[PDB]
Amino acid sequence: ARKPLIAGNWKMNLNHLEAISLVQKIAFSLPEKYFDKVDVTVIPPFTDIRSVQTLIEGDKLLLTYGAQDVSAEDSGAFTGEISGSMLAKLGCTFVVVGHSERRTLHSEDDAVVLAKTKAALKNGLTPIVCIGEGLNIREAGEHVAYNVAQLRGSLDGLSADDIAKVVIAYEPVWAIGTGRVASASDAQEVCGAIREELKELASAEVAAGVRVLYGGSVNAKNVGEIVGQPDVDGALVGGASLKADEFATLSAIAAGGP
């Protein structure tokens, strides 16, 4: 009974004028009947969010939107950082936290991701909590255990009510940017284990409601068998999200077609 979710992570691409054009094209390419069957959200750079807000609200589009990161702090002397309250006032629904690129390039560990998750929740945003193992962990066959500890650390101490407001994204690092998408059974194995660990972290009933996404080289050609898996509820899309035609097509596939 979990509604599919497609989240388009633009990463560091597109100025505010290109952002408007991309969202216009996506909205025109994806017929409105599909939003009854799938949630579709675009996640632009911070500097683009205002422009996307005025478009989506002005035109009454059914796309939602979100941000690529958030500060763990409330307002204060944190030069360069963006607060949950700023994102909430812009009408963001989602915020990605702990993406692999930020865990590695900006030294975000599990405790930092937890603090960002809390800041998202305090401001009414839905955090997309990212986890995923490296090729070496995978090649050693210890990927399930690796992702479980990441999940435990990144949600540590949250109540059942709080966990019920998060989304989890499994993005194996070896699948980010590489054209090497996980097979459906690979995604299913880790996403099934994620939900099973959500049982202990916050009751079985909320475990069955939390949406778990696969991310990593997702496109219109591979999204179908991946999202079709019983424990995969959607996709965190990277490079495909910058291509209006492909992003709309893969979103419609995730919905189950017409």
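All residue numbers refer to positions in the sequence shown, first residue = 1.
- When the C-alpha B-factors of 42 to 50 and 193 to 201 are averaged, 193 to 201 comes out higher.
- When the C-alpha B-factors of 222 to 230 and 62 to 70 are averaged, 222 to 230 comes out higher.
- Per the deposited coordinates, the residue with the largest Cα temperature factor out of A208, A27, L213, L55 is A208.
- Take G157, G76, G98, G91 and read off each C-alpha B-factor from the entry; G157 has the highest.
- Ranked within its chain, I163 lands in the middle third, by CA B factor from the PDB record.
- Per-chain ranking of the deposited C-alpha B factor places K116 in the lowest third.
- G256: CA B factor lies in the highest third for its chain, per the PDB record.
- When all modelled residues of the chain are sorted by CA temperature factor, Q188 is found within the highest third.
- For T178, the recorded CA temperature factor ranks within the highest third of the chain's modelled residues.
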